[PDB]
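So that the names make sense, note that chain A is the first sequence line, chain B the second, and so on, each numbered from 1.
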Amino acid sequence: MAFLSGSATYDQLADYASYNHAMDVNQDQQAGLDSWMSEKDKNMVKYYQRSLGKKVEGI
Amino acid sequence: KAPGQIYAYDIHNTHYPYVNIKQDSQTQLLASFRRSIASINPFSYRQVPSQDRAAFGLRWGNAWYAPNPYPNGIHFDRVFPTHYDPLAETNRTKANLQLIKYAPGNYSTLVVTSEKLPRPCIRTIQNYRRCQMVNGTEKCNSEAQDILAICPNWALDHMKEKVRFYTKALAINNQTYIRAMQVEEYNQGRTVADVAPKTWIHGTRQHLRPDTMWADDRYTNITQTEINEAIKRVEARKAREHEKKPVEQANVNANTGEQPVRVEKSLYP
Amino acid sequence: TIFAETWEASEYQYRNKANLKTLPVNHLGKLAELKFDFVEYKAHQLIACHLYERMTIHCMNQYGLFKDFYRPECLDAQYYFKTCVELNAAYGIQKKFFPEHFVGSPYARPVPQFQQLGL
Amino acid sequence: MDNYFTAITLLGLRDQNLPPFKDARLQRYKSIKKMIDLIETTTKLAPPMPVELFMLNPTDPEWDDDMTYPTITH
Amino acid sequence: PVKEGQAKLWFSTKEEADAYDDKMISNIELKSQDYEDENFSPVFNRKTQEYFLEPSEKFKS
Ligand SMILES: CCCCCCCCCCCCCCCCCC(=O)OC[C@H](COP(=O)([O-])OCC(O)COP(=O)([O-])OC[C@@H](COC(=O)CCCCCCCCCCCCCCCCC)OC(=O)CCCCCCCCCCCCCCCCC)OC(=O)CCCCCCCCCCCCCCCCC
């Protein structure tokens, strides 16, 4: 209900699912390849949103 | 006086390995039947060459086999721009006369070659070197002039340019030397006495753990509880490092009508 | 040596010579032609010529080197791997000792100093 | 991309896998840059050996005959 | 807890080593297949063993 009643909840999950690189990383994680992430890696979806033209702050 | 056999004959022990790359049932069944009767078959062809008999290449059904040419984006249009992409298809489509012409050398690599100087020009160079090592440089003026006279001018241009190339290559090799022999900040004052008694295998996966969480069973017994406590500790260490952050620099490529600097691209768009 | 996963295609094109070859990225479509099951990580597919090397190992593990490896998907992987490391070795040497042959180099067409303009 | 096998070996691709994220993965590429300059320098220090060991001098006057290959037109 | 093995880390002090484990552990996301778990994932369950490409016995033979 919290996901459905939210406004940006649909956008955060859609932009992550539409980012091909984030899905390639997720495909490797399911196969057994995982590691720690830097601050720049944790924003890989925020960079993808900015490139499309969204106004995302806190990069 | 038996004919010589190549090394490949001792791998297969026969001159008639019916190798067909086409992986269909009809082809491989006929190849197995033809492979067994090849000793008494009049319609038999060799695929292993010998000193006395040439051979055929790999078969593809009734035609012949050759690998797909390495992807090459170079092409030439005839009627309309096709926007040929060598990575968009598995097998390269055939070139139609009105559509495209591909780059030359379907099966070709990049090498460096050299022309061979004329034989008389070589004989004058050998005579100068021999007279030089025997009599010295100062008594070879006659042999030095024979080179400039007998060697054609295109050879003298090649000889002049070889010296400039090897002079360029000499400086490029020495600049790599200076970068290689440079003492870094993490190796200041360290000598061969400070090297650890280890070999290449001591840096592999069995001895040095990779930088991934599932490389081995190190973190297989970690529960959610220990994860939450670890998050509290990594955030506690960030209470001292977040105080520093680089300042935003100027965009050197702000002007669009200016040749932009090939700056390092961002990790993510 | 290329120290990254990606390279500018124009930096390996000649400026004063006809461009008859390119240095393309790995052909990921050939990876889908392998019929058997195998594990491949996306973190290894962009570095030059290595995908074709891993495809060759997967094919030489499933099949051998005799009468089973001789299929179109496996022979193209070995041919691409051999051709890729040959072209990259030649382009690497040409980039090291003939950097002025390529587009983007400041010596392909040198800009003169202001002292040569006579102003 | 020269010194392919050397760079692949230094990155550890012969025994392990690269980090799945571009940040650390791209730093690992730039880490071998010093070692490639060292290994390339070592390979250019080989001493010379007589060239007339496995190869006859092609500029010798003995080979001025320019002999052709006699064949049988079967 | 952290399990020790033949493959060792590359840190001089123990504080650097423990800091590396804390950084790696804080990034672990458990994906269990059993219901009634705080970390439950029927699909998109991650493996906990990394695959390594090696020449098999048929390869070297
Ligand atoms: C034309 C009209 C007519 C035909 C209609 C046909 C409709 C079909 C078309 C599809 C519609 C689009 C919606 C697809 C949703 C994606 C679902 C999916 O892939 O599963 C993943 C999904 C999540 O996986 P997970 O295990 O939770 O991930 C854990 C990881 O830790 C996760 O963490 P991580 O770090 O590993 O990250 C992994 C990454 C992976 O990223 C990806 O792979 C991309 C995934 C694509 C989704 C991203 C866009 C999401 C957009 C949100 C808005 C969607 C609204 C729905 C649209 C409906 C349109 C009307 O991220 C995700 O996991 C993505 C989150 C996916 C959540 C999906 C949102 C929930 C839907 C809400 C409504 C639920 C309705 C269900 C009703 C069922 C009734 C039987 O799995 C499930 O949901 C399991 C099902 C629910 C369990 C209850 C048991 C139900 C059993 C039902 C059996 C019968 C099935 C239906 C039979 C029908 C015939 C009778």
Side-chain angles (χ1 to χ4, degrees), chain B residues 1-71 89-94 106-108, chain C residues 27-40 51-86, chain D residues 74, chain E residues 53-61:
Chain B
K1 303 182 183 303
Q5 302 295 332
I6 68 173
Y7 180 79
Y9 181 75
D10 290 339
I11 303 176
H12 306 275
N13 301 278
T14 178
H15 284 127
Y16 307 90
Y18 273 78
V19 178
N20 202 294
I21 316 299
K22 203 172 189 302
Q23 300 293 337
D24 68 82
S25 294
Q26 181 186 6
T27 298
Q28 297 303 322
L29 288 179
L30 287 171
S32 298
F33 167 74
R34 290 160 179 163
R35 189 181 299 106
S36 301
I37 64 172
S39 56
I40 66 178
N41 183 18
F43 298 81
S44 60
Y45 58 93
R46 298 188 177 189
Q47 294 186 256
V48 175
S50 181
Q51 185 184 19
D52 63 325
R53 292 291 181 268
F56 293 99
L58 303 180
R59 199 77 183 263
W60 174 264
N62 182 75
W64 301 102
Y65 171 80
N68 267 290
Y70 192 75
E89 57 178 356
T90 298
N91 306 322
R92 193 181 72 175
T93 172
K94 61 164 53 183
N106 297 344
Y107 309 96
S108 61
Chain C
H27 192 339
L28 309 180
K30 290 304 196 69
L31 190 58
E33 294 287 68
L34 303 187
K35 313 300 296 179
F36 55 95
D37 305 75
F38 59 95
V39 180
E40 266 292 334
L51 179 69
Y52 307 139
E53 175 179 286
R54 300 181 68 90
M55 291 173 55
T56 310
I57 303 177
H58 282 134
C59 295
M60 290 176 177
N61 281 337
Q62 182 71 16
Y63 320 101
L65 280 316
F66 313 95
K67 199 190 58 182
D68 286 3
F69 183 77
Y70 280 78
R71 54 209 307 119
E73 58 270 11
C74 300
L75 295 180
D76 289 12
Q78 183 185 12
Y79 176 77
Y80 276 20
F81 166 59
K82 180 61 176 179
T83 306
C84 193
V85 302
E86 284 176 337
Chain D
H74 293 97
Chain E
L53 177 57
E54 298 179 357
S56 60
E57 302 285 58
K58 196 184 201 309
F59 189 103
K60 299 186 291 296
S61 63

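A search for salt bridge (charged side-chain N to carboxylate O under 4.0 Å, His left out) contacts involving C:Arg71 returns C:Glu73, not counting sequence neighbours. Among residues two or more places apart in sequence or in another chain, the side-chain hydrogen bond (donor to acceptor under 3.5 Å, both in side chains) test is passed with B:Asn91 by B:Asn68. Every residue meeting the disulfide bond (SG atoms under 2.5 Å apart) condition with C:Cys84, not counting sequence neighbours, appears here in chain and number order: C:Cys49. With sequence neighbours left out, B:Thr27 forms a side-chain hydrogen bond (donor to acceptor under 3.5 Å, both in side chains) with B:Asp24. Scanning for side-chain contact (heavy atoms from CB on, under 4.5 Å) contacts around C:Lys82 gives C:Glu86, with sequence neighbours left out. By the side-chain contact (heavy atoms from CB on, under 4.5 Å) test, B:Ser108 is found to be paired with C:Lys21, residues two or more places apart in sequence or in another chain being considered. With sequence neighbours left out, the side-chain contact (heavy atoms from CB on, under 4.5 Å) criterion links B:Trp60 to B:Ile21, B:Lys22, B:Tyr65, C:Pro72. For E:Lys60, the salt bridge (charged side-chain N to carboxylate O under 4.0 Å, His left out) test picks out E:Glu57, with sequence neighbours left out. With sequence neighbours left out, B:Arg34 forms a side-chain hydrogen bond (donor to acceptor under 3.5 Å, both in side chains) with no residue at all. C:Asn61 is linked by a side-chain hydrogen bond (donor to acceptor under 3.5 Å, both in side chains) to E:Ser56, counting only residues two or more places apart in sequence or in another chain. With sequence neighbours excluded, the residues forming a side-chain contact (heavy atoms from CB on, under 4.5 Å) with C:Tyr79 are B:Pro67, B:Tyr107, C:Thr83, listed by chain and number.
Side-chain atoms of B:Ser44 do not come within 3.5 Å of backbone N or O of B:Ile40 as any donor-acceptor pair. A donor-acceptor pair under 3.5 Å links the side-chain atoms of C:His27 to the main chain of C:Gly29, judged by distance alone.
Ring-plane geometry between B:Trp64 and B:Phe56 is classed as parallel, the angle between the planes falling under 30 degrees on a 0 to 90 degree scale with a further cut at 60.
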Distance-only check: which donor-acceptor pairs under 3.5 Å involve side-chain atoms of residues 2-9 of chain B, not counting sequence neighbours?
{"unit_1": "B:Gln5", "atom_1": "OE1", "unit_2": "B:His15", "atom_2": "NE2", "d": "2.6"}
{"unit_1": "B:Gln5", "atom_1": "OE1", "unit_2": "B:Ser50", "atom_2": "OG", "d": "3.2"}
{"unit_1": "B:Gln5", "atom_1": "NE2", "unit_2": "B:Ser50", "atom_2": "OG", "d": "3.0"}

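Taking the side chain as every heavy atom from C-beta outward, C:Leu75 and C:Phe69 approach each other to under 4.5 Å.
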